[PDB]
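# when you get a sec, could you give me coordinates for this:
(chains A and B)
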There are 2 protein chains.
Amino acid sequence: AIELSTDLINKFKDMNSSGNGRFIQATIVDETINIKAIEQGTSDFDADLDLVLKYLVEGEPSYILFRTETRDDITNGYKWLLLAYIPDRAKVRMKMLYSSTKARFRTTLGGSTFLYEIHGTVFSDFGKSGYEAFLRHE
Amino acid sequence: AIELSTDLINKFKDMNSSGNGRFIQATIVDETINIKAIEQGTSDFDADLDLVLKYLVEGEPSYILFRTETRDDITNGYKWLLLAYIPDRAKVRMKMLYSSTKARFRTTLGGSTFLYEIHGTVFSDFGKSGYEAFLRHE
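Numbering: from 1, shown residues only, chains lettered A, B, ... in the order given. Structure as follows:
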């Protein structure tokens, strides 16, 4: 199966333990999930949700590991959101690979890590508006 | 929670109401944010941004509450910058403490206080050149 890259695990654990950034965008490259981009963000979780919209590329699946304001006692870090942008027009092989590989985050980083896993197919499924819409139906 | 010291609150409110002084450097000691240093500065906001580089200590996290010349109608005072110097070589515990505590300033001093929150990890993220770099990235 596709595994998280060592670099992605290291950067995640660093951001989780240090609280010193907001999100990591990752894509499947070669045999691994690799860092695509890192957003420092701010102390404002709500404002930072909208920064995701600047990193998504229409029609290209990507993951965003988005740090919440809730601490995780188990890891002495934070709870996260797993945002999976898997647009419907992506080829079936790529949609199946991104959909099936979602589970690798909790298995690799720990079951306490993710408060929510949010599957979206359009940019408007994300940002602050998209998050509030997800919460209304979770 | 981590709370601002009474001395820090009072000095901030005095500088906000009088315009007497340019910035306060603050550090977290016990569970309190304390004054580390005060810079009187000048009438030149732009030039005074470089004075921050004289107070940062390489590898030691600190905050700078930096008074702008922009009016805050809400407080009959000024808009401020929250500069957070959180270098990567700081202990994970200290990076987490300084990262997680950023929001305490707006919560305590008032939501209208800060024009911008600027996170940096190296001296070149600050000064006049670092502020211009922040503004250019918007």
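# residues touching residue A:106, list them.
For residue A:106, the contacting residues are A:82, A:113, A:114, A:117, by C-beta atoms under 8 Å, 6 or more residues apart in numbering or on different chains. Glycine gets a C-beta too; all of them are placed from N, C-alpha and C.
# ok so it is a helix residue?
Yes: judged by DSSP: H, G, I helix; E, B strand; the rest coil, residue A:106 forms part of a helix.
# still on that earlier bit, going by distance to residue B:70, which of the contacts of residue A:106 wins?
For the contacts of residue A:106, the closest approach to residue B:70 (C-beta to C-beta) belongs to residue A:82, at 39.3 Å.
# who touches the lengthiest helix in chain A?
Identified as the longest helix of chain A according to DSSP state H is helix A:6-18. Applying C-beta under 8 Å, 6+ apart, the contact partners of helix A:6-18 are A:4, A:20-21, A:24, A:26, A:32-35, A:38, A:65, A:67, A:72, A:75-78, A:80, A:108-109, A:113, B:92, B:95-96, B:99.
# PyMOL command to pick out the buried ones of those residues?
To isolate the buried members of these in PyMOL, using 16 or more other C-beta atoms under 10 Å in any protein chain shown:
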select buried, (chain A and resi 4+20+21+24+26+33+35+38+65+67+72+77+78+80+109+113) or (chain B and resi 92+95+96+99)
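# so of the contacts of helix A:6-18, which ones are in strands?
Among the contacts of helix A:6-18, DSSP state E puts A:4, A:24, A:26, A:32-35, A:38, A:65, A:67, A:72, A:77-78, A:80 in strands.
# now distance to chain B too, for those, in a markdown table please.
Supplementary listing: the ones in strands among the contacts of helix A:6-18 in a markdown table, determined by distance: C-beta to the nearest C-beta, whole Å:
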| residue | distance to chain B |
| --- | --- |
| A:4 | 20 |
| A:24 | 15 |
| A:26 | 21 |
| A:32 | 24 |
| A:33 | 23 |
| A:34 | 21 |
| A:35 | 16 |
| A:38 | 12 |
| A:65 | 16 |
| A:67 | 10 |
| A:72 | 12 |
| A:77 | 8 |
| A:78 | 9 |
| A:80 | 15 |
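# what residues does chain A have near chain B?
A:14, A:17, A:18, A:19, A:20, A:40, A:42, A:43, A:44, A:71, A:76 (C-beta under 8 Å from any C-beta of the partner chain).
# these: which two are farthest apart?
Farthest apart among the residues of chain A next to chain B by C-beta to C-beta are A:44 and A:76. That separation is 23.0 Å.
# what about residue A:135, helix or strand, and which?
Using DSSP states H and E, residue A:135 falls within helix A:127-137.
# right, I'll call it a day here.
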